[PDB]
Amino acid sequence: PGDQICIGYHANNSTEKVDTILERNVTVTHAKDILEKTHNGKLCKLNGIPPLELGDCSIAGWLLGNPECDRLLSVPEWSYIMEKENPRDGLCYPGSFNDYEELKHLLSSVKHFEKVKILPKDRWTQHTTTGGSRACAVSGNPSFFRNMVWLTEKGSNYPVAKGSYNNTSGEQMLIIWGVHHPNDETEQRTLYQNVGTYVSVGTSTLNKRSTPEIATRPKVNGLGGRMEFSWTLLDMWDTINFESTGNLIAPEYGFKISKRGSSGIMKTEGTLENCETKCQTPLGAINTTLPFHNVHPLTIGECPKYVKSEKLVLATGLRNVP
């Protein structure tokens, strides 16, 4: 037996495991977990900008001005929009909203509106505008969508109703209008005096028209009538013209797009908490430097890449050998 030199490798107390193609559950001296699995369970400001919390209101309830949504009558810039799965406060007067999903999609790239009084209500001097319904009641009295005007007979007459607006606002403007489809003809005559009425809307590109439909339907919010809403984006310097002999639900306001950018509607039942994040999911906010996460596919902000994986651990060291 003589002097010796031996060649060898590191071992330690690590119990970190990795998988390979050939072998599973291999213990290694060093490893790097590249998958974020945690979140704070909260809805937060995104880079210090809070979301728009609709609460019990839908997108339609907000923009039309359902009186249960009055807290939303003027809202500042947002980073994302929180909407419940089945918001209670939408179309208080029942009906429909044409191309509603398209409108929601637009909202994904809008971060602020300026509401502009495009067709002030007091300028309809030839028609009654104090029209409302118990279905949109406020303090036990009939009322109506705050942003809209229900034109009805004045002094037993309904002259041809004309309004127009040139978009001088400096940005594209979202404008909504409706047509009332009555339950019966007593309703039609009491409200509009006229029969065989029409609602016409025209811009440089839109020529969308309507004849109201009178017809018995099951009651929704107590009413068999319906209001069918439609919308358009009015380009800068273009004009919208409304024309009607009955059944027009006119906008009083338009929503000028005042800020654009990546946003989104998050479906959540939760409420905003006093917290800050760069990456928001519907389950909660992520704060990580890791490249992947498995929290939720629908994220907003500066986020890691979502994968379905339960684990992603890269070996960096060598097989840890007893």
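Start at 1 with the first residue shown and count on from there.
- Mean C-alpha B-factor is higher over 204-212 than over the other stretch, the pair under comparison being 220-228 and 204-212.
- Mean CA B-factor, 33-41 versus 249-257: the higher value falls on 33-41.
- Among 117, 146, 189, 105, the highest C-alpha B-factor recorded in the PDB entry belongs to 189.
- Taking the deposited Cα B-factors for 274, 66, 288, 58, the highest one is held by 288.
- Residue 121: CA B factor lies in the highest third for its chain, per the PDB record.
- Remark: residue 99 belongs to the lowest third of its chain, ranked by C-alpha B-factor as recorded.
- In the PDB entry, residue 134 places in the middle third of its chain by CA B-factor.
- When the modelled residues of the chain are ordered by their C-alpha B factor, residue 172 lands in the lowest third.
- Among all modelled residues in its chain, residue 238 ranks in the middle third by Cα B-factor.
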